[PDB]
Amino acid sequence: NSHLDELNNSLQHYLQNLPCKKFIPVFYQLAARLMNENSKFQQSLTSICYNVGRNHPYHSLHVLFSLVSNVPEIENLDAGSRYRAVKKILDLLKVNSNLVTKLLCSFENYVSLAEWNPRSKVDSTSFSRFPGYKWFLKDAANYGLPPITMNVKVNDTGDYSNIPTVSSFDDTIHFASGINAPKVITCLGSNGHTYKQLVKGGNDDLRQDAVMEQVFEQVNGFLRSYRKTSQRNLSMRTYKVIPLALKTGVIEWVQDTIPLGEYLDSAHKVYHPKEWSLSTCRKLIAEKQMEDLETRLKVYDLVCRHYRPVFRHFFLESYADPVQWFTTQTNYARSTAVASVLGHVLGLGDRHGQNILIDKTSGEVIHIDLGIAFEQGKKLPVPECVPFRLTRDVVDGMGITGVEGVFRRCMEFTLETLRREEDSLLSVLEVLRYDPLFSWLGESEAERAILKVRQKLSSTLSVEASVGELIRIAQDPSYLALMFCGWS
Amino acid sequence: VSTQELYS
Ligand SMILES: Nc1ncnc2c1ncn2[C@@H]1O[C@H](COP(=O)(O)OP(=O)(O)NP(=O)(O)O)[C@@H](O)[C@H]1O
């Protein structure tokens, strides 16, 4: 309700006293809400934006620039008005001054770096590159600022000088290029720790990734304020996202990790050289595309018989002696179970190994590039069947036990905890609905999507039965065959 | 690379 000022009066007399700390979790949507028109609701929103942008530059300025970075003029949209309002808020926060313009310059430099990309491949110790990189080698020497990808702790007072600022940046760019443009940039730290920033020039839905990460953080909070969902220490792991632009955002290249897809391709060859390669599988299934159901299942059964599971060997011979190995294995099981249940609930899209990062010394999984959400895939030009990522290799990696045990228990505890805090969740998804930022691939698929969310959390079926049916529907070969090429 | 392009 944003029509009558009388309602807004009795709430603007209160929120002005509210600390800025409370306004950060929803500040993506709230930032999407401002506009340049003059209204009492607009006045309150401008005051909230100024309060958060002045008291806590760090947790708000990146969103502020994200909504001011690229905004065309001729085409008419609420994005343009929100851009004008957010630019006014930025000017107001800059009048009061050094840190605001320092963060603005940092964002401009990061986006310019993400714009360009050469062609190469490098790893191991030592490397040198980058044209016009003087700004990145003397960051704090010119503007004492933190690199944009640490979880800076929120302080009640708001102003702190104890945050670490890093100037020395390594000359190495172990850039590996997937679709479109990816550049990796590692900088040092004031405490003495290096942070790796993965900048992407490709039009990955990094804003959708950011709002999804906010939902994930609130879900971590829900799992935190409970007995069963925190004795396990279960948590859907979040990697910080700082999208300066949707097409050219920058994210936190998590501490040393090997993505699942880039992994187990070398492990498949080393562990099982005799069995068939991914080339035979891929386009053989390629021949399967135009065939009938029985042919598809038959060829998939043949290829799955050829390529035995191999990811079960990562956790062996890599981490440590057995206690650390088992802690890592249970961490992976719990994190992948929570992430899978959440993705099924929110209809997360692509779930290939190229969008999965296994930690290493901890084992917690990190889903990456969650652009497709709210049941966006399945309905692809090429259809799918599985709700959440569950191959044969993944369930092999959960241990000798398949998905029956720690995985199912974690999934069912996640389901019951999500149901118990349903109301707050659907509140969060509603505020996602009413803003035009979340991708739901007037009336929208978002409404039916959250209705399906409620049905997935509906108490009509017992939670144990729901987890059993989910495991069956995501493990059965009949569903797995039609998914896509590979996915063994 | 081989995963579906997820294009519109
Ligand atoms: N947080 C992260 N941890 C590890 N690797 C990451 C992370 N974020 C991005 N990457 C890497 O960046 C790439 C992500 O894929 P991307 O460049 O978006 O191509 P893509 O086409 O969208 N994925 P796909 O179509 O399945 O091949 C992979 O090489 C990942 O290893």
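Because the Cβ atoms are built from the backbone with ideal geometry, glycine has one as well, and the counts that use them run over all protein chains shown. Read-outs: derived from the displayed coordinates by stated rules, not from any lab.
List of remarks:
- Options A:242, A:251; residue that is within 10 Å of the ligand (Cβ to nearest atom) and closer than 21 Å to residue A:177 by Cα: A:251
- Among residues that are farther than 24 Å from residue A:468 by Cα and either in contact with a strand residue (DSSP E or B) (Cβ under 6 Å, 6 or more places away or on another chain) or not in a loop (DSSP other than H, G, I, E, B) (or both), residue A:354 is included.
- Index of the failed condition, residue A:181 passing every other in (1) buried (at least 17 other Cβ atoms within 10 Å of the Cβ); (2) away from the ligand (no atom under 16 Å from the Cβ); (3) among the small types (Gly, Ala, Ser): (2)
- Residue count for the stretch A:455-488, restricted to those that are within 14 Å of another protein chain (Cβ to nearest Cβ) and closer than 21 Å to residue A:425 by Cβ: 0
- Conditions (1) more than 24 Å from residue A:415 (Cβ to Cβ); (2) within 14 Å of chain B (Cβ to nearest Cβ); (3) assigned to a loop (DSSP other than H, G, I, E, B); number of the one not met by residue A:360: (2)
- Of all positions in the stretch A:392-411, none carries a residue that is over 21 Å from residue B:1 (Cβ atoms), within 14 Å of chain B (Cβ to nearest Cβ) and either touching a strand residue (DSSP E or B) at 6+ places or on another chain (Cβ under 8 Å) or buried (at least 22 other Cβ atoms within 10 Å of the Cβ) (or both).
- Residue in the stretch A:330-348 that is within 16 Å of the ligand (Cβ to nearest atom), on the phi < 0 side of the Ramachandran plot and either surrounded by fewer than 15 Cβ atoms within 10 Å (Cβ to Cβ) or within 14 Å of another protein chain (Cβ to nearest Cβ) (or both) present: yes
- Residue within the stretch A:165-177 that is within 14 Å of another protein chain (Cβ to nearest Cβ) and either within 16 Å of the ligand (Cβ to nearest atom) or within 16 Å of residue A:194 (Cβ to Cβ) (or both) present: yes
- Qualifying residue in the stretch A:65-72 (condition: crowded, with 21+ Cβ neighbours inside 10 Å and touching an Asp or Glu at 6+ places or on another chain (Cβ under 9 Å)): yes
- Given (1) within 14 Å of chain B (Cβ to nearest Cβ); (2) within 11 Å of the ligand (Cβ to nearest atom), index of the condition residue A:208 fails: (2)
- Which numbered condition residue A:308 fails, given (1) in a helix (DSSP H, G or I); (2) under 26 Å from residue A:384 (Cα atoms): (1)
- Residue that is farthest from residue A:151 (Cα to Cα), among those in the stretch A:233-273 that are within 14 Å of chain B (Cβ to nearest Cβ) and surrounded by fewer than 20 Cβ atoms within 10 Å (Cβ to Cβ): A:265
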